[PDB]
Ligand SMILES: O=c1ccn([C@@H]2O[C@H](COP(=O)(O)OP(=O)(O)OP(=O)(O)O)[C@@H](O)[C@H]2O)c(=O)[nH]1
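Presented as structure tokens, the chain that follows is alone, the form solved without this ligand.
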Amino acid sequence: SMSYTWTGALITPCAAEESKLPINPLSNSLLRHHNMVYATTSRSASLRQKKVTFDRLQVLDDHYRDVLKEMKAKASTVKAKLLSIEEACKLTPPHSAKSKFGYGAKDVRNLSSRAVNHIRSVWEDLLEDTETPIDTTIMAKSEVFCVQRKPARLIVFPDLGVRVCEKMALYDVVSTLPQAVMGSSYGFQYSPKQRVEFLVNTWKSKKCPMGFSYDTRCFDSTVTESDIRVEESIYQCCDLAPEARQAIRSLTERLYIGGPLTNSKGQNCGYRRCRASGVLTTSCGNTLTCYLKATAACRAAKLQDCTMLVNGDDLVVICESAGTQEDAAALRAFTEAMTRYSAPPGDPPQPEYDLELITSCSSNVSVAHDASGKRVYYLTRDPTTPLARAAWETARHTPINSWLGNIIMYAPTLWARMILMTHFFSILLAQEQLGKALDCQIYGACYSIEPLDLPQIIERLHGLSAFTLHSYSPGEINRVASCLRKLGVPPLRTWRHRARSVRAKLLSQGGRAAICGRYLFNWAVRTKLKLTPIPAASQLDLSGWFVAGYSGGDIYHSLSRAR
């Protein structure tokens, strides 16, 4: 069937859309080539619509059926809880899209009578009605990139009342089932340090390793009705409350498999028969579907001793090499099997014999040295998109601060330490906002974090070595330097000067600011301060940070205030 059908009504914006980076002194201090930075808008939605619309042909075989039964046997060990309306309300982000039914995210969080009554009515409707398609809104996503343009991605999501119901029926399932089924292959259970440990150990565990990333083109569009019912068959193996079983059955047929698309103006836009990006099951469903297809395709291809690592549609496989020619042929056999399963490739996969050459989750393993000179592996990435987005977030107030999430996840990197920490600490200190909580996203869930808490967060995530790395790889330094020239970012010497300046000011303030000066900016001085374990690090409640993925799932993981 066709992934989408369209009526001809346009994908519309709900307000004026900004496509150009503003010319602003604070953003200009970070990046001078402002014309290279853009944001996608509804103006390119028709180009995306063409790319995402196609017929799917899917053929399943014994390897697919065998792997599915293995997955269901593991899912059969799970007992999932139904969340109360109150618990599900608390998981709603404060800025989540308002309902069309007279209330918004703040009313949900406050347990307002109108919000709670409506959510209850939506829940009862899921229990009683197993067929009526649930409405969804289709919007063009606003995302920032550097030139060389990408058309906007399309986001599809149901009303706020339905989103709260999805949490009640499935939040516990999507949080616990993926690890029970996929074990060590489930990417979202790892912090960045644990992910690099798993990749390095897996690589080294092979006699003669070969690895590859597999890029599925327009993955959400390749997900078929059959895939979404297979995914439901795995969820149905859980022990579930009867109302949760019915809600999952009703959501599967009424929402997850497909449904009508409405634009921001209320016009009938078309019909979806593939994965919606903005529902609670997208991350878990994509991961399960990708894992299932790839595990079966590994068997079809006769790849030896595979270890996969999956996060949504992002897949990396590390295996035992059978020789150069044999590996090349086996990878072609894998791609053919994936294509039969409706997971055709974007970039054709290539065998890699060096762990550092593999990009998975847009990141690569690199090496630096700690204060003792010992090798430390860590994950890095090309900093172009992080810097372009940091420039946009400096010029405009954005709902999510990607710069803050990038400092958290990429804290050991040369670019996050020299550029991102320096830039934002300089601005926030001048604005007396170092202690002001900001929203960021980790594995798709929203968190409210004070920048002054970064040292203990980084210590917990990455270890104290994240504050002592030096002697970065020539390849990594070259990639950063080239990026700075391309974007017009001041050279590293300028960043060191700015860092020494903000470090002095932070130390002068005492308290949490002085801890930031000591740990975050020790790289900027010769006269190193002593770095000891931070008392706050061991008390941090990081429960729920690296458990599961929630991209598009409308999840907020920070604490709810008592009433």
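Just count from 1 along the sequence shown to find any residue number.
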Q. What size is the break between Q148 and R149 in terms of deposited sequence residues left without coordinates: none, 1 to 3, 4 to 9, or 10 or more?
A. 4 to 9
**Q.** Of 162-170 and 107-115, the one with larger mean CA B-factor
**A.** 107-115
**Q.** Of 486-494 and 202-210, the one with larger mean CA B-factor
**A.** 202-210
Q.
Out of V122, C361, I419, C237, whose C-alpha atom has the biggest B factor in the entry?
A. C361
Q: Going by the CA temperature factor in the entry, name the top one among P133, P455, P349, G405.
A: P349
Q: Tell me, lowest, middle or highest third: where does the Cα B factor of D314 rank within its chain?
A: middle
Q.
Lowest, middle or highest third: which one holds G102 when the chain's residues are ordered by CA B-factor from the entry?
A. highest
Q) Ranked by Cα temperature factor within the chain, is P93 in the lowest third, the middle third or the highest third? A) middle
Q) Lowest, middle or highest third: where is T289 by Cα B-factor in its chain? A) lowest
Q: Tell me, lowest, middle or highest third: where does the Cα B factor of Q431 rank within its chain?
A: middle
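Another form, the form solved in complex with this ligand, is not on view; read the next lines as being about it.
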Q) Can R512 be called a contact residue for this ligand in the bound PDB entry at 4.5 Å between heavy atoms? A) no
Q | Partner proximity in the bound PDB entry: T216 to this ligand, non-hydrogen atom cutoff 4.5 Å | A | yes
Q) Going by a heavy atom distance of 4.5 Å, is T12 a contact of this ligand in the bound PDB entry? A) no
Q: Spell out, yes or no, whether the shortest heavy atom distance between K150 and this ligand in the bound PDB entry is within 4.5 Å.
A: yes
Q.
Since the partner isn't included here, can you check whether this ligand sits close to all of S277, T282 and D313 in the bound PDB entry (heavy atom within 4.5 Å for each)?
A. yes
Q | Contact residue in the bound PDB entry, from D327, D220, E253, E166 (heavy atom within 4.5 Å of this ligand) | A | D220
Q) If we take heavy atoms and a 4.5 Å cut-off, which stretch out of 94-102, 230-238, 150-158, 78-86 is in contact with this ligand in the bound PDB entry? A) 150-158
